[PDB]
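Below is one structure, written out as structure tokens, with a few remarks after it.
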Amino acid sequence: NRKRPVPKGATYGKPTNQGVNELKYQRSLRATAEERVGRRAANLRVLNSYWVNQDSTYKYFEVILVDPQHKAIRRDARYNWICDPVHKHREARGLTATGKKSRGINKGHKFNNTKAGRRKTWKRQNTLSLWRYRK
Amino acid sequence: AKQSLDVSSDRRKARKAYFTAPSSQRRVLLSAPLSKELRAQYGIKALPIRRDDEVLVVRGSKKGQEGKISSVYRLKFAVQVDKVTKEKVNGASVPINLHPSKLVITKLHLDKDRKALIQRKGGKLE
Amino acid sequence: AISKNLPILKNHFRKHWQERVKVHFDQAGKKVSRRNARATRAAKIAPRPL
Amino acid sequence: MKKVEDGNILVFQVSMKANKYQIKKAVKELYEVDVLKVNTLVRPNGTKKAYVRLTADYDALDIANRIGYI
Amino acid sequence: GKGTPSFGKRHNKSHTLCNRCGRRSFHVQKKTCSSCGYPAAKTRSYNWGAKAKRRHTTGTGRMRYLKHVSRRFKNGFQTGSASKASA
Amino acid sequence: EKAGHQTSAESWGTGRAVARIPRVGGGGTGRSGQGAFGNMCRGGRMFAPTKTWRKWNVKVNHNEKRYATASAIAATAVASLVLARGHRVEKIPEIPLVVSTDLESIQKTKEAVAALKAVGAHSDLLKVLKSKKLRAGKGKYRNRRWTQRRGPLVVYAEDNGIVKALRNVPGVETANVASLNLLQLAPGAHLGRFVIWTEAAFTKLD
Amino acid sequence: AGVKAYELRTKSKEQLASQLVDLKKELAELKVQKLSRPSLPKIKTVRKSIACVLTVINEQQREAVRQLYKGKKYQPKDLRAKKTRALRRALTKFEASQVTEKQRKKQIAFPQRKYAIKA
Amino acid sequence: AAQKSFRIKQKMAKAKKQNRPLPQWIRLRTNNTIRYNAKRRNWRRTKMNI
RNA sequence: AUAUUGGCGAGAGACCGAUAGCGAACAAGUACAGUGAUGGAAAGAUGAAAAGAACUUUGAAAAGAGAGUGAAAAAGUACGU
RNA sequence: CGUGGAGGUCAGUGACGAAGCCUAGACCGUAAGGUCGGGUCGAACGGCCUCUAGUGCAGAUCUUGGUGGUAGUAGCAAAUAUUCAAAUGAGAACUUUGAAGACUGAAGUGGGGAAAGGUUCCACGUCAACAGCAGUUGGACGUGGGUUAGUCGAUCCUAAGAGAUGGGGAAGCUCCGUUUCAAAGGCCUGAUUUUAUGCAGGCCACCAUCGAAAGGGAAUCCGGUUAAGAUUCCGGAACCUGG
RNA sequence: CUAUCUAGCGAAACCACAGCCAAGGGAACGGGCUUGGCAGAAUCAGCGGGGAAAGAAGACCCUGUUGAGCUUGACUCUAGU
RNA sequence: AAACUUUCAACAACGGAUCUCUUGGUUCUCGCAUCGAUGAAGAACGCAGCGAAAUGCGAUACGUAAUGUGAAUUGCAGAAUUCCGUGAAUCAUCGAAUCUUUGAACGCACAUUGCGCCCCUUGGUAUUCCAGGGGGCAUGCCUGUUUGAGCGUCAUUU
Ligand SMILES: [Zn+2]
């Protein structure tokens with residue numbers, strides 16, 4: 001779990017917010033996995049990652065990264081999409097396959113809240129649209 | 001009426017633009033109309049005034065005075081005439097400042113580049 | 001507070017709504033854009049239909 | 001000036017970035033003179049002044065007004 | 001004692017000149033800067049401080065380099081030199 | 001939306017013999033101490049600051065807008081109204097004033113002006129010319145410096161040079177019958193524009 | 001007035017070398033004079049001649065290097081283009097242009113057709 | 001301080017060269033507004049704060 | 001096709017008119033305060049043109065009185081009303 | 001009734017004087033107000049039909065500015081104390097010189113420094129402001145000058161402690177840890193005299209760094225000199241360190 | 001040594017408007033109102049009766065569906081264990 | 001009767017309202033996509049004949065090169081003839097350079113203008129010591145080169 005990093009369990013506020021210990025990170029371990037090796041090989045681009053083992057204390061992932069300035073990738077079609085500046089640190093914006101998951105991105109009724117992007121969709125439904133000739 | 005989406009009928013920007021115009025556009029703004037004599041000679045209405053031009057004053061208290069331009073005092077929008085001056089109480093001379101829109105040019109200081117400009121303007125030729 | 005014989009309104013403005021007002025002053029502008037785009041697409045679309 | 005007239009010393013404003021070696025060398029070459037020692041200080045206006053005493057084979061006053069001041 | 005006579009004891013410095021920003025805001029013992037945050041590689045700033053931000057953002061200095069980038073773009077990051085006509 | 005509020009001011013609360021308006025803190029400058037935010041305060045926010053989301057455009061039922069423009073067209077044929085609106089048609093043959101469709105084809109201001117003049121409009125055209133005035137107010141510096149009366153309104157059915165020909169004679173405006181504007185037929189909301197119709201336009205009317 | 005870039009571009013590495021040292025001596029003297037004369041403007045004209053030479057000496061050397069690197073794969077970073085940090089990292093046109101082999105075939109057999117409606 | 005760092009003395013030197021009246025001929029310049037050196041400082045009126 | 005109180009280039013307003021309008025129309029995020037984070041002003045207008053008052057006289061001087069400039073000094077760098 | 005701005009209209013008023021302001025002058029209106037004369041002024045402005053609001057003040061211990069009575073008033077009384085003359089000056093209780101009278105009394109009102117200031121130091125000129133009387137005086141104003149090192153400090157060392165690095169936590173800003181669960185070096189010199197050089201010997205190493213102008217620590221003294229520097233310059237006489 | 005008087009220098013507090021009483025009535029203790037006593041320029045040093053004098057929107061008290069510091073087998077939770 | 005107080009007026013003070021101005025603000029709209037290890041943004045100290053600031057610049061220091069324009073700049077001084085010209089300019093443009101001390105900031109440090117290491121080169125007899133000039137030594141990561149480690153492990157010489 002994520003222990004609420006507050007000083008002595010002290011929360012300063014309403015009781016609904018007074019929790020410290022059954023609290024869970026909205027992103028997955030696998031994402032924490034991706035994000036750290038990505039910071040370490042910042043010259044690489046994170047393509048994907050997969051589980052490989054765990055014990056009581058650790059989950060273990062192998063992360064797959066690709067070198068955007070190596071000419072085998074830049075000359076390859078198929079992959080040179082990843083050389084584009086828009087895929088800089090995709091795993092830090094949750095665009096790797098783990099990211100898209102946790103982020104609630106899928107078609108259908110079960111993803112209304114969340115999937116044009118949660119925050120963006122909220123913003124839409126809370127915007128007062130005013131025309132020149134008011135309706 | 002303007003028609004262009006690229007000109008501004010705006011009083012503010014017009015004033016800013018005049019008042020902060022750099023020496024080179026200021027040259028063009030300080031242009032003067034040729035005399036009728038000179039206008040028939042090169043088929044052309046006006047030119048950017050220059051130093052060593054001969055000149056008639058056609059407006060204001062110095063009307064009728066004539067002379068050579070001594071300097072184009074760009075940073076002042078003004079022109080001074082080797083011969084048109086104020087004599088102070090202490091006998092000292094001091095140039096009068098004249099605007100070339102209030103002059104009329106009577107002898108151009110011609111010059112290879114001067115001629116070329118007249119030609120460029122649709123002026124006579126020779 | 002509730003008074004007089006009036007309908008019960010539900011005007012949802014308890015929320016900082018002023019930070020998200022969208023007044024479409026660009027109504028006329030966007031239209032001129034939409035058309036100028038339609039124009040030039042058709043242009044480079046040779047005699048194709050859009 | 002008195003230092004020139006009475007102490008066999010040439011006085012110079014000199015690069016802030018200089019040093020007693022670098023100064024002695026330049027003096028030794030721009031003026032074709034030999035040098036006894038250089039003292040320096042950083043003047044309070046932020047420039048460095050260098051007292052260069054010449055060896056006794058040279059008269060600073062002579063070479064002062066060769067350079068062309070007095 | 002807590003005022004005037006105790007003020008006379010004020011003669012040591014908590015902060016000096018910061019190498020990075022040049023305010024007298026560099027805390028001697030903490031060896032860090034209360035304005036700019038040096039020596040952290042990041043620069044200190046906060047969104048609760050619009051004014052402080054405005055006091056130090058880009059364009060409040062010389063833009064030695066940046067100030068020339070858009071003209072450069074305007075001409076397509078030209079290489080080479082200008083030709084000369086004749087007349 | 002920020003004006004008046006770019007300060008960390010606070011009330012001093014009562015007990016200091018001094019109003020409880022928020023005051024700017026710190027010292028060493030004239031402004032520490034001074035009333036802050038708040039509309040009787042020099043430099044504070046205005047009362048009920050103006051918002052862009054004010055309603056600017058007003059809708060009018062299309063049928064009614066039309067009704068208006070209709071009425072305004074009828075009014076241009078009543079001399080007494082056209083006169084009261086200050087158009088100088090005190091001479092002029094008859095009204096509606098109709099003019100051959102050659103007008104639509106004139107190309108040149110001088111000839112357009114000569115044309116209008118002959119058809120009786122010399123006088124109104126003058127009116128405009130002798131009416132240019134420096135605007136009274138302060139809009140004089142908001143891109144509205146001069147003020148003049150309103151000349152005749154020339155309507156046509158096809159544009160073959162009459163529009164550009166007339167676009168520089170002070171006071172005069174041009175209009176296609178196919179369109180036709182209430183703001184032009186009833187200026188200031190006053191009925192009775194001086195209208196000159198080309199034949200073409202006139203029969204297009206129904 | 002002083003020197004002119006063009007008159008200097010015709011000279012050897014070593015004449016400009018000496019040109020400078022004389023210009024240096026020049027200003028060297030004027031400074032001695034600047035301080036007993038109540039203003040010395042001649043100096044700004046030599047301060048600049050100095051710049052001009054340095055500029056042109058420097059022009060020469062850069063070309064030199066640029067020449068003995070012509071056609072070579074690795075130029076000094078100095079003399080590479082400059083453009084922008086981003087633009088420098090973008091795919092070459094070749095790289096970008098790259099189309100997979102399966103796509104090549106498709107493009108060759110089913111391109112956008114020109115066409116027009118009426119009959 | 002007496003034993004003073006070079007950085008401090010540097011700042012001190014600059015701070016001293018700035019300490020002069022307005023050069024009188026500026027007043028003669030065309031369209032000149034500057035009447036006096038308004039940013040002027042004194043050791044007994046305002047400290048340098050290093 | 002959508003977003004855009006940032007950046008670059010532009011056209012506008014039934015907006016404000018120097019206690020207003022941005023805090024800043026000015027050498028303004030300045031001067032100044034605070035160990036620090038931060039706080040943060042006041043302040044535009046002689047005249048078309050300096051023609052910014054030669055000269056005389058009183059005074060230690062600043063200045064006054066004359067004279068003079070100017071359409072005006074009931075405009076004198078304390079300056080429009 | 002009155003105000004900022006907007007559409008329309010009087011082809012409205014105006015440098016032969018707009019607006020504004022002053023006026024126990026005039027006239028209209030129950031009134032909100034309007035109108036006129038005279039004076040002052042200098043560039044724009046108004047009536048009527050409409051439109052529009054950031055539209056009307058006596059107050060809010062209202063905001064900002066400006067001004068009074070208070071009042072030539074309270075005051076300018078701690079720290080023993082001043083006086084005569086001359087000089088200078090437009091001017092002298094207050095400056096300088098001389099004389100007198102006194103005080104601080106070496107636990108100093110003497111002679112140096114540390115923090116702190118930053119040019120206040122010295123010279124020339126010099127009084128509008130400032131020094132709560134004065135001023136010819138000044139730590140003030142203007143213009144200049146001035147700080148000289150192998151040996152005095154920093155610099156080196158380590159102290160409380162601060163803190164990178166293999167790493168381990170943490171969504172993360174970063175937190176922990178400092179020899180720590182780490183493959184963590186570099187000192188001699190032979191070989192080789194293709195060469196000053198790669199190498200053949202080999203020992204020793206739980207080991208970043210910052211942290212003292214009072215701690216630790218290589219080495220300088222006396223005389224002379226300036227308007228202002230001096231264990232720093234001069235003269236003379238030494239010492240330490242590296243080579 | 002002050003105060004005092006002089007030359008120079010020169011604040012602040014406070015101020016609805018003001019400043020002679022007796023009685024009356026009156027928000028039940030008036031400088032003003034009502035009826036009477038009376039009533040003469042301009043002032044100086046003192047003084048502490050009065051100006052329910054002046055200094056912080058009353059310290060005490062109560063009200064408010066206003067708090068905070070603190071305590072506890074009040075209510076509802078929580079780091080930890 | 002003065003003086004004093006109060007009222008009104010004229011002239012003169014004090015103060016900055018009013019009116020008129022406006023290279024500024026504010027709001028709408030349209031077009032565009034460009035920061036940085038090729039060292040950004042930001043900081044410090046400097047640079048002018050005569051500058052404290054603002055603005056601009058970097059020891060090539062209110063700028064050098066180049067291109068256009070075609071005679072200024074201007075407070076004063078001063079040039080220079082270059083004014084039928086590869087050419088004024090406190091001009092515009094800008095494609096070539098310069099770009100101190102720093103800053104993510106990169107040899108180590110940094111209340112220090114503190115302290116190393118390496119290559120080239122120049123002086124002082126010098127491979128080693130000193131001084132001068134030039135060029136270098138951060139970290140994570142990727143692909144590759146080279147040189148290596150482990151009875152992890154294969155095959156072999158015999
Ligand atoms: Zn800092």
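FYI, nothing fancy with the structure tokens labels: chains A, B, ... in order, residues from 1 per chain, ligands from 1 as they appear.
Residue neighbourhood of residue 4 of chain L, excluding near-sequence residues (fewer than 6 positions): residues 41, 42 and 43 of chain K, at 12 Å, using only C-alpha atoms (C1' of nucleotides).
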Could you turn the residues from that selection into a file that holds N, CA and C atoms (P, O5', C5', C4', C3', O3' and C1' of nucleotides), as a PDB file, in the first residue's frame?
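Ended up saving to part.pdb:
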```pdb
ATOM      1  P     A K  41     -14.410  92.403  28.585  1.00  0.00           P
ATOM      2  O5'   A K  41     -13.793  92.618  27.125  1.00  0.00           O
ATOM      3  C5'   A K  41     -14.635  92.756  25.982  1.00  0.00           C
ATOM      4  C4'   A K  41     -13.897  93.352  24.829  1.00  0.00           C
ATOM      5  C3'   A K  41     -12.669  92.595  24.407  1.00  0.00           C
ATOM      6  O3'   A K  41     -12.956  91.479  23.605  1.00  0.00           O
ATOM      7  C1'   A K  41     -12.133  94.874  24.581  1.00  0.00           C
ATOM      8  P     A K  42     -12.260  90.094  23.941  1.00  0.00           P
ATOM      9  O5'   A K  42     -10.712  90.449  23.843  1.00  0.00           O
ATOM     10  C5'   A K  42     -10.141  90.903  22.625  1.00  0.00           C
ATOM     11  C4'   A K  42      -8.691  91.264  22.804  1.00  0.00           C
ATOM     12  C3'   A K  42      -7.823  90.224  23.497  1.00  0.00           C
ATOM     13  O3'   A K  42      -7.358  89.236  22.632  1.00  0.00           O
ATOM     14  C1'   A K  42      -7.437  92.330  24.466  1.00  0.00           C
ATOM     15  P     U K  43      -7.158  87.758  23.184  1.00  0.00           P
ATOM     16  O5'   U K  43      -5.821  87.858  24.041  1.00  0.00           O
ATOM     17  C5'   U K  43      -5.774  87.434  25.397  1.00  0.00           C
ATOM     18  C4'   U K  43      -4.722  88.202  26.146  1.00  0.00           C
ATOM     19  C3'   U K  43      -3.919  87.420  27.176  1.00  0.00           C
ATOM     20  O3'   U K  43      -2.811  86.782  26.569  1.00  0.00           O
ATOM     21  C1'   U K  43      -4.655  89.496  28.099  1.00  0.00           C
TER      22        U K  43
END
```
* **Nearby polymer residues, ligand 1, at most 10 Å, only C-alpha atoms (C1' of nucleotides) and all ligand atoms, as number ranges by chain** => E: 16-27, 32-40, 43-44; L: 42-43
* Up to 12 Å from chain A, what residues of chain J turn up? Count only C-alpha atoms (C1' of nucleotides) and give them as a PyMOL selection string. => chain J and resi 170-172+175
For the selection you just gave me, I'd like the residues written to a file as a PDB file, in the first residue's frame, keeping N, CA and C atoms (P, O5', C5', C4', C3', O3' and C1' of nucleotides).
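Saved to selection.pdb:
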```
ATOM      1  P     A J 170       8.884   2.179  -0.599  1.00  0.00           P
ATOM      2  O5'   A J 170       8.718   3.715  -0.854  1.00  0.00           O
ATOM      3  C5'   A J 170       8.220   4.558   0.142  1.00  0.00           C
ATOM      4  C4'   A J 170       8.236   5.959  -0.341  1.00  0.00           C
ATOM      5  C3'   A J 170       7.623   6.168  -1.704  1.00  0.00           C
ATOM      6  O3'   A J 170       6.213   6.237  -1.669  1.00  0.00           O
ATOM      7  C1'   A J 170       9.725   7.229  -1.637  1.00  0.00           C
ATOM      8  P     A J 171       5.368   5.500  -2.804  1.00  0.00           P
ATOM      9  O5'   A J 171       6.004   6.089  -4.139  1.00  0.00           O
ATOM     10  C5'   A J 171       5.742   5.484  -5.395  1.00  0.00           C
ATOM     11  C4'   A J 171       5.324   6.490  -6.443  1.00  0.00           C
ATOM     12  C3'   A J 171       6.251   7.669  -6.670  1.00  0.00           C
ATOM     13  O3'   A J 171       7.374   7.321  -7.445  1.00  0.00           O
ATOM     14  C1'   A J 171       4.006   8.406  -6.647  1.00  0.00           C
ATOM     15  P     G J 172       8.824   7.294  -6.790  1.00  0.00           P
ATOM     16  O5'   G J 172       9.199   8.807  -6.714  1.00  0.00           O
ATOM     17  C5'   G J 172       9.530   9.532  -7.879  1.00  0.00           C
ATOM     18  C4'   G J 172       9.081  10.957  -7.746  1.00  0.00           C
ATOM     19  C3'   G J 172       9.896  11.811  -6.808  1.00  0.00           C
ATOM     20  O3'   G J 172      11.069  12.302  -7.402  1.00  0.00           O
ATOM     21  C1'   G J 172       7.596  12.160  -6.434  1.00  0.00           C
ATOM     22  P     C J 175      15.965  15.612   1.117  1.00  0.00           P
ATOM     23  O5'   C J 175      15.716  14.304   1.993  1.00  0.00           O
ATOM     24  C5'   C J 175      14.507  14.099   2.712  1.00  0.00           C
ATOM     25  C4'   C J 175      14.395  12.671   3.225  1.00  0.00           C
ATOM     26  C3'   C J 175      15.646  12.062   3.819  1.00  0.00           C
ATOM     27  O3'   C J 175      15.885  12.494   5.149  1.00  0.00           O
ATOM     28  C1'   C J 175      14.634  10.506   2.360  1.00  0.00           C
TER      29        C J 175
END
```
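Neighbours of residue 56 of chain E closer than or equal to 10 Å, with only C-alpha atoms (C1' of nucleotides) counted and sequence neighbours fewer than 3 positions away skipped, come out as residues 21, 36, 45, 51, 52, 53, 59, 60 and 61 of chain E; 29 of chain I; 41 and 42 of chain L.
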So that I have them on file, write out the residues from the current selection with N, CA, C and O atoms (P, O5', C5', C4', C3', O3' and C1' of nucleotides), as a PDB file, in the first residue's frame.
```pdb
ATOM      1  N   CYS E  21      22.057  33.900  -8.027  1.00  0.00           N
ATOM      2  CA  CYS E  21      21.114  34.977  -8.300  1.00  0.00           C
ATOM      3  C   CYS E  21      21.590  36.316  -7.797  1.00  0.00           C
ATOM      4  O   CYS E  21      21.118  37.374  -8.233  1.00  0.00           O
ATOM      5  N   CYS E  36      16.473  31.407  -4.810  1.00  0.00           N
ATOM      6  CA  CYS E  36      16.640  30.693  -6.052  1.00  0.00           C
ATOM      7  C   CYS E  36      16.911  29.204  -5.843  1.00  0.00           C
ATOM      8  O   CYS E  36      16.766  28.378  -6.769  1.00  0.00           O
ATOM      9  N   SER E  45      10.884  28.133  -7.242  1.00  0.00           N
ATOM     10  CA  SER E  45       9.757  29.037  -7.489  1.00  0.00           C
ATOM     11  C   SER E  45       8.465  28.365  -7.056  1.00  0.00           C
ATOM     12  O   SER E  45       8.444  27.164  -6.871  1.00  0.00           O
ATOM     13  N   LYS E  51       3.854  37.077  -8.083  1.00  0.00           N
ATOM     14  CA  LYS E  51       4.801  38.186  -8.065  1.00  0.00           C
ATOM     15  C   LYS E  51       6.252  37.758  -8.062  1.00  0.00           C
ATOM     16  O   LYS E  51       7.042  38.269  -8.844  1.00  0.00           O
ATOM     17  N   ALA E  52       6.641  36.862  -7.162  1.00  0.00           N
ATOM     18  CA  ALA E  52       8.054  36.502  -7.153  1.00  0.00           C
ATOM     19  C   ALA E  52       8.412  35.929  -8.534  1.00  0.00           C
ATOM     20  O   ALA E  52       9.449  36.265  -9.090  1.00  0.00           O
ATOM     21  N   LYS E  53       7.514  35.151  -9.120  1.00  0.00           N
ATOM     22  CA  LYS E  53       7.764  34.570 -10.426  1.00  0.00           C
ATOM     23  C   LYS E  53       8.036  35.637 -11.458  1.00  0.00           C
ATOM     24  O   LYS E  53       9.073  35.635 -12.122  1.00  0.00           O
ATOM     25  N   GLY E  59      12.890  37.182 -19.809  1.00  0.00           N
ATOM     26  CA  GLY E  59      12.501  38.483 -20.279  1.00  0.00           C
ATOM     27  C   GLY E  59      12.692  39.571 -19.248  1.00  0.00           C
ATOM     28  O   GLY E  59      12.498  40.749 -19.545  1.00  0.00           O
ATOM     29  N   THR E  60      13.080  39.205 -18.032  1.00  0.00           N
ATOM     30  CA  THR E  60      13.376  40.252 -17.078  1.00  0.00           C
ATOM     31  C   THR E  60      14.848  40.515 -17.106  1.00  0.00           C
ATOM     32  O   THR E  60      15.292  41.473 -16.497  1.00  0.00           O
ATOM     33  N   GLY E  61      15.594  39.652 -17.798  1.00  0.00           N
ATOM     34  CA  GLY E  61      17.011  39.858 -18.071  1.00  0.00           C
ATOM     35  C   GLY E  61      17.343  40.135 -19.552  1.00  0.00           C
ATOM     36  O   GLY E  61      16.505  40.607 -20.321  1.00  0.00           O
TER      37      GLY E  61
ATOM     38  P     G I  29       9.685  47.124 -14.886  1.00  0.00           P
ATOM     39  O5'   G I  29       9.255  45.806 -14.120  1.00  0.00           O
ATOM     40  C5'   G I  29      10.126  45.150 -13.203  1.00  0.00           C
ATOM     41  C4'   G I  29      10.047  45.722 -11.806  1.00  0.00           C
ATOM     42  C3'   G I  29      10.903  45.000 -10.769  1.00  0.00           C
ATOM     43  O3'   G I  29      11.277  45.961  -9.800  1.00  0.00           O
ATOM     44  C1'   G I  29       8.738  45.005 -10.018  1.00  0.00           C
TER      45        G I  29
ATOM     46  P     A L  41      18.876  32.736 -22.733  1.00  0.00           P
ATOM     47  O5'   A L  41      17.793  32.683 -21.603  1.00  0.00           O
ATOM     48  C5'   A L  41      16.424  32.665 -21.899  1.00  0.00           C
ATOM     49  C4'   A L  41      15.637  32.352 -20.660  1.00  0.00           C
ATOM     50  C3'   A L  41      15.920  33.246 -19.447  1.00  0.00           C
ATOM     51  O3'   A L  41      15.226  34.489 -19.495  1.00  0.00           O
ATOM     52  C1'   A L  41      15.960  30.990 -18.782  1.00  0.00           C
ATOM     53  P     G L  42      15.970  35.857 -19.116  1.00  0.00           P
ATOM     54  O5'   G L  42      16.553  35.559 -17.672  1.00  0.00           O
ATOM     55  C5'   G L  42      15.688  35.438 -16.540  1.00  0.00           C
ATOM     56  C4'   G L  42      16.450  35.057 -15.297  1.00  0.00           C
ATOM     57  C3'   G L  42      17.644  35.912 -14.975  1.00  0.00           C
ATOM     58  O3'   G L  42      17.304  37.132 -14.374  1.00  0.00           O
ATOM     59  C1'   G L  42      18.274  33.677 -14.817  1.00  0.00           C
TER      60        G L  42
END
```
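For chain L, the residues no farther than 9 Å from chain G when using only C-alpha atoms (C1' of nucleotides) are residues 34, 35, 36, 38, 49, 50, 60, 64, 65, 77, 78, 79, 80, 82, 86, 96, 97 and 98 of chain L.
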* For chain H against chain D, which residues fall within 9 Å using only C-alpha atoms, given as a VMD selection string? -> chain H and resid 9 to 10 12 to 14 16 to 17
Write the residues of the selection above to a file with N, CA, C and O atoms, as a PDB file, in the first residue's frame.
```
ATOM      1  N   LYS H   9      34.979  43.507  -2.340  1.00  0.00           N
ATOM      2  CA  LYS H   9      35.665  44.725  -2.658  1.00  0.00           C
ATOM      3  C   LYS H   9      35.246  45.116  -4.058  1.00  0.00           C
ATOM      4  O   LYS H   9      35.055  46.311  -4.346  1.00  0.00           O
ATOM      5  N   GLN H  10      35.090  44.112  -4.922  1.00  0.00           N
ATOM      6  CA  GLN H  10      34.687  44.387  -6.286  1.00  0.00           C
ATOM      7  C   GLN H  10      33.404  45.170  -6.208  1.00  0.00           C
ATOM      8  O   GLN H  10      33.381  46.301  -6.652  1.00  0.00           O
ATOM      9  N   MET H  12      32.069  46.733  -3.838  1.00  0.00           N
ATOM     10  CA  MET H  12      32.438  48.011  -3.251  1.00  0.00           C
ATOM     11  C   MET H  12      32.980  49.023  -4.261  1.00  0.00           C
ATOM     12  O   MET H  12      32.672  50.207  -4.162  1.00  0.00           O
ATOM     13  N   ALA H  13      33.826  48.572  -5.193  1.00  0.00           N
ATOM     14  CA  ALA H  13      34.412  49.473  -6.173  1.00  0.00           C
ATOM     15  C   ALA H  13      33.346  49.959  -7.128  1.00  0.00           C
ATOM     16  O   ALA H  13      33.324  51.133  -7.512  1.00  0.00           O
ATOM     17  N   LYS H  14      32.485  49.045  -7.557  1.00  0.00           N
ATOM     18  CA  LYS H  14      31.466  49.409  -8.521  1.00  0.00           C
ATOM     19  C   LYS H  14      30.557  50.422  -7.847  1.00  0.00           C
ATOM     20  O   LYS H  14      30.234  51.471  -8.405  1.00  0.00           O
ATOM     21  N   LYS H  16      31.187  52.477  -5.815  1.00  0.00           N
ATOM     22  CA  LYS H  16      31.781  53.780  -5.552  1.00  0.00           C
ATOM     23  C   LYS H  16      31.836  54.629  -6.793  1.00  0.00           C
ATOM     24  O   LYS H  16      31.753  55.849  -6.715  1.00  0.00           O
ATOM     25  N   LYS H  17      31.951  53.963  -7.938  1.00  0.00           N
ATOM     26  CA  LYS H  17      32.029  54.614  -9.227  1.00  0.00           C
ATOM     27  C   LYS H  17      30.647  55.085  -9.627  1.00  0.00           C
ATOM     28  O   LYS H  17      30.491  55.969 -10.470  1.00  0.00           O
TER      29      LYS H  17
END
```
* **Residue hits in chain I, query chain E, radius 9 Å, only C-alpha atoms (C1' of nucleotides), as a ChimeraX atom specification** => /I:8,29,35-38
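Put simply, atom CA of residue 8 of chain F is 15.8 Å away from atom CA of residue 42 of chain F.
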Please report, as JSON lines, each residue of chain I lying at most 10 Å from chain H, together with the nearest pair of atoms and the separation in Å rounded to one decimal; use only C-alpha atoms (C1' of nucleotides), and order rows by chain and ascending residue number.
```
{"residue": "I:26", "atom": "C1'", "partner": "H:33", "partner_atom": "CA", "distance": 9.3}
{"residue": "I:27", "atom": "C1'", "partner": "H:34", "partner_atom": "CA", "distance": 8.0}
{"residue": "I:30", "atom": "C1'", "partner": "H:39", "partner_atom": "CA", "distance": 9.6}
{"residue": "I:31", "atom": "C1'", "partner": "H:39", "partner_atom": "CA", "distance": 7.6}
{"residue": "I:32", "atom": "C1'", "partner": "H:46", "partner_atom": "CA", "distance": 9.8}
```
